[PDB]
Amino acid sequence: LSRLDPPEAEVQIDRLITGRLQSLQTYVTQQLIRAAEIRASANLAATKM
Amino acid sequence: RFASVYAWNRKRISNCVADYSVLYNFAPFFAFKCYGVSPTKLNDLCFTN
């Protein structure tokens, strides 16, 4: 935002936002999978308790 | 004095206060294209070499 003008640096910011969203969606998916795994483990632990 | 396209001269500019406002202000300078940088932000940047 300091080297290039906003009208000429819009595609760069768009690509950065797209890359960061793609990198965060994978983290969210991994967190969901691990949360399901931990939920199953906690259900098994409660059953054993 | 300006050399040909081959064996072109190379001048090292360092340790000075840059002012690009006096460059694009000239009338005969019709062709002014920049890559990776914007002409308006030339006076606000800092270059290591």
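Cut-offs used in this document
- Residues numbered from 1 in each chain as written, not as in the entry; some residues may be left out.
- Chains lettered and ligands numbered in written order.
- Part of a larger assembly, values for the part shown.
- Heavy atoms only, no water.
- Residues with missing side-chain atoms left out of burial classes, pairs and counts.
- Helix = DSSP H or I, 4+ residues; strand = E, 2+ residues; numbered from the N terminus.
- Buried < 20%, exposed > 50% of the residue type's maximum accessible area, 1.4 Å probe, protein only.
- Polar contact = N/O pair within 3.5 Å; in protein donor to acceptor, adjacent residues only side chain to side chain.
- Contact = heavy atoms within 4.5 Å.
- 1 Å grid on protein atoms, 1.4 Å probe; cavity = no way out; pocket = protein on both sides within 12 Å on 5 of 7 lines; lining within 4 Å.
- Points joined across faces, edges and corners; volume = space filled by probe spheres on them.
- Nonpolar A, V, L, I, M, F, W, Y, C, P; charged D, E, K, R; others polar.
- Patch = residues over 30% accessible without salt bridge, like charges linked within 9 Å, V, L, I, M, F, W, Y side chains within 5 Å.
- Areas by Shrake-Rupley, 256 points an atom, 1.4 Å probe, with all protein chains shown as cover.
- Salt bridge = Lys/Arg side-chain N within 4 Å of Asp/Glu carboxyl O.
- Buried area = accessible area lost by both parts, 1.4 Å probe.

1. Digging into the overall build of chain B
Part 1: From N to C terminus, chain B includes zero helices and zero strands.
Part 2: Principal-axis analysis of the C-alpha atoms gives chain B an extent of 30 × 30 × 20 Å.

2. A word on the side chain of B:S38
Part 1: Take B:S38: its relative accessible area is 4%, and that puts it in the buried class.
Part 2: A distance of 2.7 Å separates the side chain of B:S38 from the backbone oxygen of A:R3, its partner in a polar contact.
Part 3: Discounting chain neighbours no more than four positions away, the residues touching B:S38 are A:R3, A:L4 and A:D5.

3. Digging into the layout of surface pockets
Gaps left between atoms show up when a probe the size of a water molecule is rolled over them.
All names here are of chain A.
Part 1: Counted as a void, the second largest pocket has a volume near 150 Å³.
Part 2: What lines the second largest pocket is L1, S2, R3, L4, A9, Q12, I13 and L16.
Part 3: The residue inventory of the lining of the second largest pocket, partitioned by class, reads five nonpolar, two polar and one charged.

4. Concerning a nonpolar patch on the surface
Part 1: Residues A:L1, A:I13, A:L16 and A:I17 make up a contiguous nonpolar surface patch of about 400 Å² in total accessible area.
Part 2: Its location among the elements puts A:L16 in helix α1 (residues 10-48).

5. Some thoughts on the interface of chain A and chain B
Interfaces are often described in size by the accessible area the parts lose on coming together.
Part 1: On the side of chain B, six residues touch chain A, which itself brings five residues to the contact.
Part 2: When chain A packs against chain B, the two sides together hide about 440 Å² of surface, and 46% of this comes from carbon and sulfur.
Part 3: One can count zero salt bridges joining chain A with chain B.
Part 4: For the pair chain A and chain B, the interface holds three residue pairs in polar contact.

By themselves, these figures tell us nothing about what the structure is for.
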